[PDB]
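Heads up: the structure comes next, in structure tokens.
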There are 2 protein chains.
Amino acid sequence: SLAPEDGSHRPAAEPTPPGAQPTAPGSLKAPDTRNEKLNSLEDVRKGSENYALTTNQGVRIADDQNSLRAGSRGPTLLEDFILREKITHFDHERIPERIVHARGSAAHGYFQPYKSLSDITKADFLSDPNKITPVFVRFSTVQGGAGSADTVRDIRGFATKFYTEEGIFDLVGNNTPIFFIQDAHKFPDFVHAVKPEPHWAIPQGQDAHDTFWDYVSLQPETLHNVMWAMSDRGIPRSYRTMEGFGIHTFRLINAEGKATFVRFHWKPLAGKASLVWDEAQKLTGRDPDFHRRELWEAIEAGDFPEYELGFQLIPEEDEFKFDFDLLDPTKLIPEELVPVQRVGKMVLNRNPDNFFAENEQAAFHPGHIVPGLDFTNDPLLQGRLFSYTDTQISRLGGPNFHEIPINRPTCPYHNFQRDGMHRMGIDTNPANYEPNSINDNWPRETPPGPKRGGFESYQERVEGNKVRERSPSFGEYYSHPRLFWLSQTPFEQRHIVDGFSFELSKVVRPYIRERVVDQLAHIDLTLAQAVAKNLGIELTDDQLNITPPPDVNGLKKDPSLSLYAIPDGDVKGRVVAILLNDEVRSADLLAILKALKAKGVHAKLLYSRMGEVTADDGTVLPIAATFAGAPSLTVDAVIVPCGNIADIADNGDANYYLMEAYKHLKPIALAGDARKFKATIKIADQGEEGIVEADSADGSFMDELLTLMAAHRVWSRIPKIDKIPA
Amino acid sequence: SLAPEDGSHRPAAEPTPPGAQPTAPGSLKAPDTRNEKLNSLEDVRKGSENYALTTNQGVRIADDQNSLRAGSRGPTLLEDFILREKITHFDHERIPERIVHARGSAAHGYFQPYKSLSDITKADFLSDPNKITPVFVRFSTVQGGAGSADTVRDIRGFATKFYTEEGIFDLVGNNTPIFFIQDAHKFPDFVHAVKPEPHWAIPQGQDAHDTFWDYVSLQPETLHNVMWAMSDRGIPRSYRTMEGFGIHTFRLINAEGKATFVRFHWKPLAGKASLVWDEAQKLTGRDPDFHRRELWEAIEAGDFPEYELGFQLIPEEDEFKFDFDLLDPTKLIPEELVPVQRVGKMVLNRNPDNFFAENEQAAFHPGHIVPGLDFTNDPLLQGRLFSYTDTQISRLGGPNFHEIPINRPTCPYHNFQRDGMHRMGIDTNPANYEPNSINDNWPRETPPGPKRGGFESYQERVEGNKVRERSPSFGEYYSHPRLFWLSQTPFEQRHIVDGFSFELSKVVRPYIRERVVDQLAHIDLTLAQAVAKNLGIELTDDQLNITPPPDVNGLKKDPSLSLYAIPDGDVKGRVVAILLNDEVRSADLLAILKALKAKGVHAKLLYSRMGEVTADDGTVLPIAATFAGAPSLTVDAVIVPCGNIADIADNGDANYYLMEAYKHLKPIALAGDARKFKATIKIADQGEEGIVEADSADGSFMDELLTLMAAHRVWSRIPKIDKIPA
Ligand code: HDD
Ligand code: HDD
């Protein structure tokens, strides 16, 4: 018995806030959170407590500390089969990572529609507001390996496996509404250009290098998603605070056989929020697991990630009514033209038990659809359909990857397919072919119908010659980038310009930077000029004279394309650093902590060392982390309570904490003599918007602080931060 | 033609300093740098210029921009074999990464001994000072994935493949002279404990988590290598500036059959140097590829990494003469007891062409020895011999991994082994077995002898019963950690305290922190007290009374265990940041660059934007990076030349660049009016050792700066940095 006698090794099996208890496998942390998929995994869940340690063949091991040798200082013997089994399993633990989105974090949850959608689709999982469908969702970055950092600038994946009663449906989306390229034949080129360069394998998790911008400069179709990635969309605060999109136009098919075109959306109920670049980049060093950690801890705290599924629906007869082609995945459908109709809610409420078994081995593929859905001729979607089945043959070791437990349907599956590596199902059917008489032709085909019918493809008319040709309706590259640019606030536009400027500064061949700037001048001259000024490049008179691309269907902006133009803040689940001193005003700390708790905001008590400090009144304050150990990068706001401020006033870490939080536009609140830190951040005596200050933490101090947190960051501080040495 | 007309897309094929040209594949950057192994890869090197783009079956492609479809807006057709080949190859690009040391950076080079070693070994590669052996070297971290960062705190691997005339010898070592564990049976336990925890797969590239410290606390044999990892050895400045060690005692066998015990060492001819923790951690975010990049760029510059191979030799009759067991890999052999004899020099002088083909697929294994070497019964080495052949069957896809080009011997290899996946060699032998008469028994066994003989194991006597038992002589755990502690300078000791304090602050379960401090009390009470104080732990009276462990064979210290106690600085290949302004004094820059060039130190010119600035005399200066884009983390020292200092005096990033460099103990040199930056880092008028200042940058100013850079960091400044907010 090596556990502490007080039982403190084991986290409580109840919701607890971030940092309050060690994290644990979901079935131990939250044994009563169930759904039909979680329950179906019980056949493979393995416990440990009270069991003997064995080999994989069930033989009990007596001494798991030593190899078998001839003499206690002698050579290891070949006959040690316990050693060799254990080292062999170790030696073959790794499987190939995903070719793209190798870095990702996943959770289980459930989805339910708000009302039946039978009028527009026969998909069973959308047929009844009381039908609950379990989900497994993985969120990811794109470029970096499985061991890369989370808060890089990149697109994010947002992949949802719906375990429906009529089959698995995987909605395999990203967090921006378009992709970089038009036709899947170019996917290896694009991916190779953004991935680490092939001679030296640098850089990891960064588009900031020559080959990515070379390809962008040569393929202007890429510019629209490049605009999104260079905005603060590329650096989300959390997977809970980003949008999701299926990108492609798909079809819904109802029981009468009518097709409606659809694009899929996820709206985050926590709101949209992103980091700023300097914070994101520094956070990749201070905590490369920050998004993975934040998702796991939100679920352990009960701050369940919630998202609303929504559809943009366009009738078949309106296919050609826009200035862009609906089948072109580099174009978005502005919500001002086609609104998102709310469909249902997804809540992620339990972590996995074992990351490798459930996250690493999960296989999502957008070809996994169900009756009631269908594809379109989008030429990027069409090639995706080939890739996601083919890649699993190496990644997951063969054609039986649907028998890996996380991938299994919860509905029935029966067919004539047999064998393959790793075959788990032992088929008893006398027949392995159809048509057969020897088993009365079972299992049997099922005609299509309104419910529980076979899959039949929508009978779309095809007419044309066999060509490798891009549709001319796809040959427009700048109007969507411009619509995105004009829809952003002034501070978002600044962050875009700073994104392009920072990334192009890392491109060693200057002509590439020049070619990118020339493309920017086809989108918007103000953008192009601002980036050029940061790169020391002067636009030519020709460039100054490029006419801007047209409006998109009459629109000159669409505010739903901005993260921040329309307030959607939610403070629940956010966190505040509280910088302690060795004699904290206890009345301040009571008021601060209860106000935060009332709004579901978490706190971390920080000091210059671990252990405890004692408040003016004798209250013992346990310390969560030191100032350097939990930097301001990891919090949303900073509060400094009154007390003995001299204890920390000359602490360089405490001062720099406030300087970093101030640079990154975070709300900062200072009570009583903590206002002596105004000099560290150069705040005027009469104060400034974004800094809460008062004689004590009472009255409206915490409400003012919370109001600032609901607006996420103090954008008005931006011109004040250039001078700050931080 | 898409290339620029000026040819500026292609780097010069001559040695160039870091940043001067885009980096390139080895064979294009240094086509005239050759060795027998590099030449032998010519059968598989493939160029590209002037060749048509084809499928892998050699069919020319006309249109590599589009899939084949039925009409230009129609569905993709299954008969598009060009698209499916291209996407199939992409879909199967990844192979499993190495179970441990998945993150590593490699280069080609050559070794030669200083004199023949035939008196102590018959190994051919050590027989003649003028017989050169090609090598391929891979340096690595241990815990993190292939996409993790370089400048983590961790042990580093240092693996050298020697392509000898009598077979491949792989010397598969680390940068510390011992390992964490004694018997290979525990390796999966220890690796699992240090790797990301299994529920949530956090943390990447960090031992700072509960499971690793839980295992440490329960297995005191780990503490010696834990001391090394928590010292600045854990955060080297470059792979050029760390030591290498084979760890285990092996044998040398001479022609007369005499066995000598040997432990292997690499001495870096660039000297020993490490980062400091705050700089290393922030560097993992600002450039997670810093060591990979620095190695590739040093080779491109001609700053070839050089290492001296060294042997500690112990006669067979002296096996039991020390107070530790020579076969225990948690024990080092102090160089005060047994000196390192210099054996030869290895120079790494060409980077690979393709990182995946040559680095990712290289297989090193310490069981690849040659005649003249042999193993010992060290129980960690004994089990390593099983693992490195086993693991390549999944990582490299089967038993023909020696036919992957980088792994091929350059000497002859012929045997009766056949088939296996991706069999390259087509054997013409009518026989695939021996003994055979049908091929007159070829290829034939060869008796052992003085040179070119068959391998025979040294006939060590084995006497003992079949037991799984640890030798009692291995059961001592604190004397080597203590010798290490006592051998460090006071600043190195402070860094060890800080590393333990930082790491244990991240362990959520307090009793684990407590148990590790109790282990530290068994090593040294001053260490244990200093760590306990940072964790808010008070040692008990019993802990204060633990008797220190014995000296190691009478030693109270061995200064060879310190990075810094004996000077061995070499400035060649280091880099300085020069912070420009828009009217630089050309006379300063002349003097600066002259003095740097004389000592082989590179410069990077930084400014507040990219493009160019013009100096006082009209010299146009191209800017390498912005102050934010290439932070002080990435350089060894900072120079600020005179000129229009008002241009940059209030620039936040320029002032922060100096505060960060100052915190991290780097030399800083300020010329003329640049001395106004003294205020930012609170230097008094009379100046401070470590800050060079004069009216202009002259010979004297540069000599002083260069002398500082030879001492690597300004340790005496440590007391002054606690108060700097940076
Ligand atoms: C033709 C190839 C191809 C193209 C054009 C795309 N992808 Fe893809 N995608 C892959 C081929 C691929 C892949 C090779 O099949 C991956 C990696 C391994 C896997 O299981 O699937 C994958 C993984 C993958 C994942 C991670 C799923 C997971 O968590 O395991 C997401 C979220 C996306 N992709 C999303 C997209 C979106 C939104 C695209 C454009 C609209 C896109 N993919 C285009
Ligand atoms: C019994 C298992 C075992 C044990 C006890 C060790 N290793 Fe090991 N090592 C492996 C099993 C392994 C491995 C699983 O076989 C690896 C990874 C995959 C590969 O090709 O080899 C490996 C890789 C590996 C590499 C990377 C080689 C490369 O760059 O590809 C280095 C430098 C070391 N090890 C060094 C050590 C040292 C110095 C050890 C202690 C003295 C040690 N290993 C103990």
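Residue numbers start from 1 in every chain, and the chains themselves are labelled A, B, ... in the order their sequence lines are given, proteins ahead of strands.
A/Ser394 approaches B/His92 most closely through the heavy-atom pair OG-ND1, 2.7 Å. Nearest approach of A/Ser387 to B/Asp91, heavy atoms of both residues: OG-OD1, 2.6 Å. Of all non-hydrogen atoms in B/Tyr656 and A/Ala726, the two that sit nearest each other are CD1-CA, 3.6 Å.
In this structure, the portions of B/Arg84 lying under 4.5 Å from any heavy atom of chain A include both its backbone and its side chain. Contacts between B/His192 and chain A at a heavy-atom distance below 4.5 Å involve the side chain alone, from C-beta outward. At a 4.5 Å heavy-atom cutoff, the contact between A/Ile95 and chain B is made by backbone atoms alone. Heavy-atom distances place the side chain of B/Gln206, and not its backbone, under 4.5 Å from chain A. Using a 4.5 Å cut-off between heavy atoms, B/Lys533 touches chain A through its backbone atoms (N, CA, C, O) alone. Of the atoms belonging to B/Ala70, heavy atoms from both backbone and side chain fall under 4.5 Å from chain A. Looking at B/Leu77, the atoms closer than 4.5 Å to chain A (heavy atoms on both sides) all sit in the side chain, from C-beta outward. Neither the backbone nor the side chain of A/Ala208 comes within contact range of chain B; no heavy atoms are under 4.5 Å apart. Heavy atoms of B/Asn359 lying under 4.5 Å from chain A are absent altogether. Within the 4.5 angstrom heavy-atom criterion, only backbone atoms of A/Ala3 (N, CA, C, O) approach chain B. For B/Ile724, the part sitting under 4.5 Å from any heavy atom of chain A is the backbone (N, CA, C, O) and nothing else. Of the two parts of B/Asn465, only the backbone, made up of N, CA, C and O, holds a non-hydrogen atom closer than 4.5 Å to a non-hydrogen atom of chain A. For a residue to count as touching a neighbouring chain, one of its non-hydrogen atoms must lie under 4.5 Å from one of that chain's; by this rule B/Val462 touches chain A with the side chain only. Looking at B/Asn534, the atoms closer than 4.5 Å to chain A (heavy atoms on both sides) all sit in the backbone: N, CA, C or O. Contacts between B/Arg509 and chain A at a heavy-atom distance below 4.5 Å involve the side chain alone, from C-beta outward. In this structure, chain A has heavy atoms under 4.5 Å from both the backbone and the side chain of B/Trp200. For B/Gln219, the part sitting under 4.5 Å from any heavy atom of chain A is the side chain, from C-beta outward, and nothing else.
For the atom pair B/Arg73 CZ and A/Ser473 OG, the distance stands at 5.5 Å (nearest 0.5 Å). A distance of 11.5 Å separates CG in B/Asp287 from CD in A/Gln204, rounded to the nearest 0.5 Å. Here A/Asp650 contributes atom CG and B/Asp722 contributes atom CG; the two are 11.0 Å apart, rounded to the nearest 0.5 Å. Rounded to the nearest 0.5 Å, atoms CD (B/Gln65) and NE2 (A/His185) are 7.5 Å apart.
For B/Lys466, the salt bridge (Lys or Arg N to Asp or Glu O under 4.0 Å) partners at least two apart in sequence or on another chain are A/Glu79. Partners of B/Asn66 by side chain to side chain donor-acceptor pair (under 3.5 Å), not counting sequence neighbours, listed by chain and number: A/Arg470, B/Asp63, B/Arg69.
Per-residue counts of heavy-atom pairs under 4.5 Å with chain B were compared for A/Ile202, A/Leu327, A/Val508, A/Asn655; the largest is that of A/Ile202. Counting heavy-atom pairs closer than 4.5 Å to chain B, the top-ranked of the candidates A/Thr284, A/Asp183, A/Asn651 is A/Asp183. Most heavy-atom pairs under 4.5 Å with chain B, from the set A/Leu385, A/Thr151, A/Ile82: that is A/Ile82.
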Using salt bridge (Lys or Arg N to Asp or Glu O under 4.0 Å), reason through A/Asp278 and B/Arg286 one step at a time and then give a plain yes or no. CA-CA 9 Å; A/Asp278 180 59; B/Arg286 296 307 192 190; 3.0 Å; yes
Salt bridge (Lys or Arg N to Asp or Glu O under 4.0 Å) evaluation trace for A/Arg468 with B/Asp80: CA-CA 9 Å; A/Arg468 288 176 171 87; B/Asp80 195 346; 2.8 Å; yes
Take B/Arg94 and A/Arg395 through the test side-chain contact (heavy atoms from CB on, under 4.5 Å) and record every step on the way to the result. CA-CA 8 Å; B/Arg94 302 288 176 273; A/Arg395 192 168 71 93; over 6 Å; no
